[PDB]
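Data block for entry-v6.txt (compact mmCIF, C-alpha atoms):
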# COMPACT_ATOMS: atom_id res chain seq x y z
CA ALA A 3 118.34 190.95 77.94
CA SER A 4 121.81 189.62 77.11
CA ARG A 5 123.56 187.47 74.51
CA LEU A 6 126.00 184.68 75.36
CA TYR A 7 129.63 184.92 74.19
CA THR A 8 132.80 182.88 74.78
CA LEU A 9 136.40 183.97 75.34
CA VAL A 10 139.25 181.46 75.49
CA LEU A 11 142.68 182.39 76.79
CA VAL A 12 145.36 179.76 76.22
CA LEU A 13 147.65 180.48 79.17
CA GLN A 14 150.99 178.72 79.61
CA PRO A 15 153.56 179.21 82.44
CA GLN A 16 155.58 181.68 80.37
CA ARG A 17 153.47 182.64 77.39
CA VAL A 18 149.92 183.44 76.30
CA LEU A 19 148.25 182.78 72.94
CA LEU A 20 146.48 185.65 71.20
CA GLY A 21 145.04 186.05 67.71
CA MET A 22 144.95 189.08 65.44
CA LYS A 23 141.32 189.56 64.44
CA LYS A 24 141.31 189.96 60.66
CA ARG A 25 137.74 191.21 60.52
CA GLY A 26 134.33 191.73 61.86
CA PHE A 27 133.99 192.76 65.48
CA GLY A 28 137.27 193.70 67.16
CA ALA A 29 139.30 193.58 63.96
CA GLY A 30 142.81 195.00 64.09
CA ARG A 31 143.24 193.92 67.69
CA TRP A 32 144.78 190.93 69.45
CA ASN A 33 142.11 188.76 70.92
CA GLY A 34 141.39 185.57 72.77
CA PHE A 35 139.37 182.94 70.97
CA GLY A 36 135.59 182.58 71.06
CA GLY A 37 132.34 183.84 69.56
CA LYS A 38 128.56 183.70 69.84
CA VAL A 39 127.01 180.74 71.67
CA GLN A 40 124.64 178.90 69.34
CA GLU A 41 121.33 177.15 69.99
CA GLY A 42 121.80 173.46 70.78
CA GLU A 43 125.25 173.67 72.35
CA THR A 44 126.45 174.48 75.88
CA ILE A 45 128.60 177.53 76.57
CA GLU A 46 131.72 175.38 76.97
CA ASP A 47 131.00 173.50 73.73
CA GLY A 48 130.75 176.82 71.91
CA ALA A 49 134.09 177.87 73.35
CA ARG A 50 135.63 174.63 72.09
CA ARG A 51 133.97 175.01 68.70
CA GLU A 52 135.22 178.55 68.13
CA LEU A 53 138.72 177.75 69.40
CA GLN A 54 138.96 175.03 66.76
CA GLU A 55 137.43 177.19 64.00
CA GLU A 56 139.83 180.05 64.76
CA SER A 57 143.07 178.31 65.73
CA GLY A 58 142.59 174.64 64.86
CA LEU A 59 143.34 173.80 68.48
CA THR A 60 141.38 171.34 70.59
CA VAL A 61 141.52 171.22 74.37
CA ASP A 62 141.18 168.39 76.87
CA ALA A 63 139.86 170.52 79.74
CA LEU A 64 138.58 174.11 79.93
CA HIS A 65 138.45 176.10 83.17
CA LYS A 66 136.06 178.94 83.97
CA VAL A 67 138.09 181.92 85.17
CA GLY A 68 135.73 184.87 84.83
CA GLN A 69 132.65 186.55 83.37
CA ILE A 70 132.62 190.01 81.79
CA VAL A 71 129.52 192.00 80.83
CA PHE A 72 129.93 194.53 78.03
CA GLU A 73 127.56 197.40 77.30
CA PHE A 74 127.83 199.29 74.02
CA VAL A 75 125.91 202.57 73.90
CA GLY A 76 122.96 202.27 71.53
CA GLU A 77 122.91 198.48 71.39
CA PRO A 78 120.02 196.76 73.24
CA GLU A 79 121.64 193.37 73.92
CA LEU A 80 124.31 193.27 76.62
CA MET A 81 127.27 190.97 75.92
CA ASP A 82 127.61 188.25 78.54
CA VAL A 83 131.10 186.88 77.89
CA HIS A 84 132.16 183.69 79.67
CA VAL A 85 135.95 183.64 79.97
CA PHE A 86 137.85 180.35 79.92
CA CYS A 87 141.47 179.31 80.39
CA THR A 88 143.69 176.30 79.66
CA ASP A 89 147.32 175.17 79.65
CA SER A 90 147.14 171.79 77.94
CA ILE A 91 146.37 172.20 74.25
CA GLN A 92 146.16 169.67 71.43
CA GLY A 93 147.78 170.55 68.12
CA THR A 94 149.38 173.65 66.65
CA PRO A 95 147.73 177.07 66.33
CA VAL A 96 147.20 177.77 62.62
CA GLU A 97 145.79 180.85 60.90
CA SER A 98 142.07 180.93 60.14
CA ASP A 99 139.99 183.43 58.16
CA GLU A 100 139.31 185.33 61.37
CA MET A 101 142.35 184.97 63.61
CA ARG A 102 146.12 184.95 63.17
CA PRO A 103 147.49 183.15 66.26
CA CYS A 104 150.79 184.15 67.89
CA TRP A 105 152.57 183.46 71.16
CA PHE A 106 153.42 186.38 73.46
CA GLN A 107 155.62 186.49 76.54
CA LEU A 108 153.83 187.33 79.80
CA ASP A 109 155.88 190.52 80.08
CA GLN A 110 155.25 191.53 76.47
CA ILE A 111 151.46 191.44 76.11
CA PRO A 112 150.50 194.07 73.48
CA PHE A 113 147.90 195.94 75.57
CA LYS A 114 148.14 198.93 73.21
CA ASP A 115 146.73 196.79 70.40
CA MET A 116 144.15 194.96 72.48
CA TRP A 117 140.74 195.89 73.89
CA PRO A 118 141.17 198.72 76.46
CA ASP A 119 139.38 196.68 79.12
CA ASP A 120 142.07 193.99 78.99
CA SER A 121 144.48 196.24 80.90
CA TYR A 122 142.08 196.00 83.85
CA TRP A 123 141.20 192.30 84.16
CA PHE A 124 144.37 190.72 82.68
CA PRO A 125 146.38 191.12 85.92
CA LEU A 126 143.69 189.04 87.64
CA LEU A 127 143.90 186.37 84.93
CA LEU A 128 147.68 186.06 85.23
CA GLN A 129 147.32 185.75 89.01
CA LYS A 130 144.94 182.80 88.62
CA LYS A 131 142.16 184.75 90.32
CA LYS A 132 138.48 184.34 89.36
CA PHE A 133 136.68 187.61 88.59
CA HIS A 134 133.47 189.39 87.66
CA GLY A 135 133.68 192.44 85.41
CA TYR A 136 131.43 195.01 83.77
CA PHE A 137 132.45 197.51 81.10
CA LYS A 138 130.34 200.20 79.43
CA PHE A 139 131.67 201.27 76.04
CA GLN A 140 130.97 204.26 73.82
CA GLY A 141 132.25 203.21 70.42
CA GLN A 142 135.13 200.73 70.47
CA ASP A 143 137.74 202.89 72.21
CA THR A 144 136.16 204.79 75.12
CA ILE A 145 135.25 203.19 78.45
CA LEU A 146 132.65 205.28 80.28
CA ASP A 147 132.02 203.15 83.37
CA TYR A 148 133.38 199.86 84.75
CA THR A 149 133.25 197.50 87.73
CA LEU A 150 135.73 194.73 88.60
CA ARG A 151 135.95 192.36 91.55
CA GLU A 152 137.44 189.00 92.50
CA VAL A 153 135.01 186.10 92.93
CA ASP A 154 135.08 182.59 94.38
CA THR A 155 132.46 181.22 92.01
CA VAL A 156 132.35 182.27 88.35

Rewrite the structure of this file - the entire thing - as structure tokens.
Amino acid sequence: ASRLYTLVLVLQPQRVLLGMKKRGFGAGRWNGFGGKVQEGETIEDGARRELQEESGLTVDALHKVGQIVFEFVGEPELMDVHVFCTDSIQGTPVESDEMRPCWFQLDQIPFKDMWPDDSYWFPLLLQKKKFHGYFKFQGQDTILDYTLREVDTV
């Protein structure tokens, strides 16, 4: 059994948008935008909804770029995260109660203050490659096992 999650990475030719999670899950780290997928909305709609609730941004078109499964030791539900990307955005990223948005240069991505798994799949994202990933976590710091491959269909 798994639970559906969204992850939105605003990727521009020379910069990427990340948000400092101010609390809850993943707080203290720079994150993409997203959240739980609710009942009554599609996965993409949930990604749009959370992107607006967390940054105030709306997007014309979202592109599927990957899917990452996360296992946390002791927790029954696996986390099925659908990763999205976009270049065209509508509006200006403003601070919400959850995220503090900020632009980063592609050669200055703060991996040391992001989820440890990002250092693995981010190179694939920047290369415009589609990918499937799996990460088993013990706590929020230690990766026990992981798989990562390039795909043609997300």

Could you pull the residues within 12 Å of residue 145 of chain A, counting all atoms listed in the file, minus those fewer than 3 positions along the same chain, as a PyMOL selection string?
chain A and resi 72-75+117-122+136-142+148-149

Atom pair atom CA of residue 65 of chain A / atom CA of residue 77 of chain A: separation (Å):
29.7 Å

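Counting all atoms listed in the file, the residue from A:110, A:60, A:69, A:90 that sits nearest to residue 132 of chain A is A:69.
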
The residue from A:135, A:109, A:116, A:44 with the smallest atom-to-atom distance to residue 16 of chain A, counting all atoms listed in the file, is A:109

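Note that the spacing between atom CA of residue 128 of chain A and atom CA of residue 18 of chain A amounts to 9.6 Å.
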
Near residue 10 of chain A, within 6 Å and counting all atoms listed in the file, which residues show up once chain neighbours fewer than 4 positions away are dropped, as an NGL selection string?
:A and (34-36 or 85-87)

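Atom pair atom CA of residue 32 of chain A / atom CA of residue 76 of chain A has a distance of 24.7 Å (rounded to one decimal).
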
Set up a box along x, y and z of the file covering all listed atoms of segment 34-48 of chain A, add 6 Å on every one of the six sides, and write the centre and edge lengths in Å to one decimal, as JSON.
{"center_x": 131.4, "center_y": 179.5, "center_z": 73.2, "size_x": 32.1, "size_y": 24.1, "size_z": 19.6}

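Minimum atom-to-atom distance to residue 68 of chain A, evaluated using all atoms listed in the file, belongs to A:84 out of A:84, A:38, A:114, A:51.
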
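In this comparison, which uses only C-alpha atoms, the residue of A:129, A:54, A:92, A:33 approaching residue 15 of chain A most closely is A:129.
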
Can you work out which one of A:146, A:80, A:101, A:67 has the shortest atom-to-atom distance to residue 131 of chain A, counting only C-alpha atoms?
A:67
